[PDB]
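Working notes, beginning with the structure itself.
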């Protein structure tokens with residue numbers, strides 16, 4: 001439930017560090033959407049794969065990300081995840106996963122900015 | 001697109017003022033989830049109907065909040081809506106709609122609090 005999803009997040013978070021986006025795309029749906037940065041979205045597994053490869057080599061001067069509070073709003077088929085990420098300063102994101110027939114939760118909407126996208 | 005959803009919001013917003021939750025439940029999915037207030041969620045059309053009937057009076061509507069910026073992250077089947085509501098002070102919510110076979114977008118996750126649910 002709240003764990004397997006939290007385990008998929010980490011699984012992906014790692015798949016990104018190991019720069020093996022080939023295994024990272026197994027967690028995304030085919031028509032998924034990923035918000036790279038404000039006013040910049042990638043649609044489809046291919047476009048999203050490229051986005052990660054592009055923004056692969058980027059880092060913040062002295063920064064220590066840390067998983068924080070995480071709420072899950074499950075509505076049967078889909079699930080809205082509100083993941084807070086601590087910097088030392099926080100980053101509240103909104104992810105949407107959809108459980109396919111196989112029973113594996115894939116990501117459909119990846120907006121690491123959450124409602125911050127508005128402001 | 002961005003309008004029909006915005007028109008569904010208003011449609012519901014009104015269905016609530018006219019206290020005719022019978023027509024309001026036509027906009028929600030069957031296994032939908034509604035966040036009434038922090039640490040309080042209603043699951044299923046029935047529970048959600050009761051929730052609205054209960055807080056019919058707890059919340060003084062008529063206080064028509066002003067619609068503001070609204071971002072839509074569509075991923076084929078589902079759609080993540082980031083609606084900002086102005087008070088005069099703002100309220101950034103996160104709604105999730107899913108387009109059924111009939112082609113009508115229903116609400117599956119109604120969290121008028123957005124990422125604020127975390128903090």
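Chains as they are written, first to last, in the authors' numbering: chain A, 1 to 88, 98 to 128; chain B, 1 to 88, 98 to 128.
Cβ atoms here follow ideal geometry from the backbone N, Cα and C, with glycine treated the same way.
Taking a contact to mean a Cβ-Cβ separation below 9 Å, would you say residue i touches residue j in this structure?
{"i": "residue 9 of chain B", "j": "residue 67 of chain B", "result": "yes"}
{"i": "residue 32 of chain A", "j": "residue 117 of chain A", "result": "yes"}
{"i": "residue 5 of chain B", "j": "residue 80 of chain B", "result": "no"}
{"i": "residue 65 of chain B", "j": "residue 85 of chain B", "result": "yes"}
{"i": "residue 49 of chain B", "j": "residue 25 of chain B", "result": "yes"}
{"i": "residue 124 of chain A", "j": "residue 82 of chain B", "result": "yes"}
Tell me which same chain residues have a C-beta within less than 7 Å of the C-beta of residue i, skipping the five on either side of it?
{"i": "residue 61 of chain B", "result": "16 and 17"}
{"i": "residue 53 of chain A", "result": "21"}
{"i": "residue 34 of chain A", "result": "41, 42, 48, 51 and 119"}
{"i": "residue 29 of chain B", "result": "107, 115, 116 and 117"}
{"i": "residue 63 of chain A", "result": "87"}
{"i": "residue 195 of chain B", "result": "This structure cannot settle anything about residue 195 of chain B, because the visible part of chain B is limited to 1 through 128."}
Terminal residues of the continuous alpha helix (DSSP H) containing residue i?
{"i": "residue 54 of chain A", "result": "44-54"}
{"i": "residue 4 of chain A", "result": "2-17"}
{"i": "residue 22 of chain B", "result": "21-24"}
When you compare only the Cα positions, how much space is there between residue i and residue j?
{"i": "residue 57 of chain A", "j": "residue 19 of chain A", "result": "10 Å"}
{"i": "residue 122 of chain B", "j": "residue 102 of chain B", "result": "5 Å"}
{"i": "residue 120 of chain B", "j": "residue 21 of chain A", "result": "32 Å"}
{"i": "residue 37 of chain A", "j": "residue 47 of chain B", "result": "37 Å"}
{"i": "residue 126 of chain B", "j": "residue 23 of chain A", "result": "32 Å"}
{"i": "residue 7 of chain B", "j": "residue 106 of chain B", "result": "13 Å"}
{"i": "residue 41 of chain A", "j": "residue 51 of chain A", "result": "9 Å"}
{"i": "residue 87 of chain B", "j": "residue 109 of chain A", "result": "39 Å"}
{"i": "residue 104 of chain B", "j": "residue 98 of chain A", "result": "25 Å"}
{"i": "residue 74 of chain A", "j": "residue 45 of chain A", "result": "24 Å"}
{"i": "residue 113 of chain B", "j": "residue 76 of chain B", "result": "13 Å"}
{"i": "residue 128 of chain A", "j": "residue 100 of chain A", "result": "14 Å"}
{"i": "residue 59 of chain B", "j": "residue 59 of chain A", "result": "46 Å"}
In the DSSP assignment, find the beta strand (DSSP E) that holds residue i and state where it starts and stops.
{"i": "residue 103 of chain B", "result": "99-108"}
{"i": "residue 70 of chain B", "result": "66-75"}
{"i": "residue 120 of chain A", "result": "114-120"}
{"i": "residue 84 of chain B", "result": "78-86"}
{"i": "residue 34 of chain B", "result": "28-35"}
Excluding the 5 residues flanking residue i on each side, which residues of the same chain have their C-beta closer than 8 Å to its C-beta?
{"i": "residue 2 of chain A", "result": "70 and 72"}
{"i": "residue 27 of chain A", "result": "8, 11, 12, 15, 115 and 116"}
{"i": "residue 39 of chain B", "result": "none"}
Which residues of chain E have a Cβ atom closer than 8 Å to the Cβ of residue i, listed in chain order?
{"i": "residue 80 of chain A", "result": "Note that chain E does not occur in the displayed structure, where the protein chains are A and B."}
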